[PDB]
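Below sits a lone chain in structure tokens, taken as the form deposited in one PDB entry.
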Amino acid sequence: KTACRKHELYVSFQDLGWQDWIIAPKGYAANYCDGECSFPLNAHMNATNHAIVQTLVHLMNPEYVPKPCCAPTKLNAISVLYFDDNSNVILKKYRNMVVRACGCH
């Protein structure tokens, strides 16, 4: 299907200009949400009641209200081992870094 789902995406820490201070990892799978949001929609799974109402209001007025959009429903963190200038090896956990599941909101 071409519906709202999680897509794999690898991001190199070079994009953020962290490389010169990171030990590991040199990158990670950030992934991203993407896909069309339309019926079928489940308020207890990959959607909210509002998304159901909006999708409906959209079908009868595409020129005004847009379809809900594919966004993350579950995000994981990633730990990074890096050093500062005093040579301190540090371990920092970054939350909401990885997309695990997507849904319509």
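Shifts are known only where both forms have a C-alpha. Start at 1 and count along the sequence shown; that's the residue number. Take the two forms, find the largest set of C-alpha atoms that superpose within 1.5 Å, and that set is the rigid core.
The next section is about a form of this same protein that is not shown, the form deposited in another entry.
Enquirer: Establish whether a shift of 2 Å or more occurs at the C-alpha of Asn46 between this form and the one not shown, with the two forms superposed on the rigid core.
Expert: Yes; that C-alpha moves by at least 2 Å between this form and the one not shown.
Enquirer: Once the core is superposed between this form and the one not shown, does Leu9 show a C-alpha displacement of at least 2 Å?
Expert: For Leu9, whose C-alpha is compared between this form and the one not shown after core superposition, the shift is less than 2 Å.
Enquirer: After a rigid core superposition, would you say the CA of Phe83 moves by 2 angstroms or more between this form and the one not shown, or not?
Expert: True for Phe83: a C-alpha shift of 2 Å or more.
Enquirer: Explain in one word, closer or farther, how the Cα atoms of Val99 and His44 are placed in that other deposited form relative to this form, where the distance changes by 3 Å or more.
Expert: Relative to the displayed form, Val99 and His44 draw closer in that other deposited form - a change of at least 3 Å between their C-alphas.
Enquirer: Just say closer or farther for the C-alpha distance from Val53 to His44 in that other deposited form, relative to the shown form; it changes by 3 Å or more.
Expert: Farther apart, which means the C-alphas of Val53 and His44 are at least 3 Å more distant in that other deposited form.
Enquirer: Mind listing the moving segments between this form and the one not shown, meaning three or more residues in a row, each Cα shifted 2 angstroms or more, core aligned?
Expert: 14-18, 40-46, 83-90 are the stretches that shift between this form and the one not shown.
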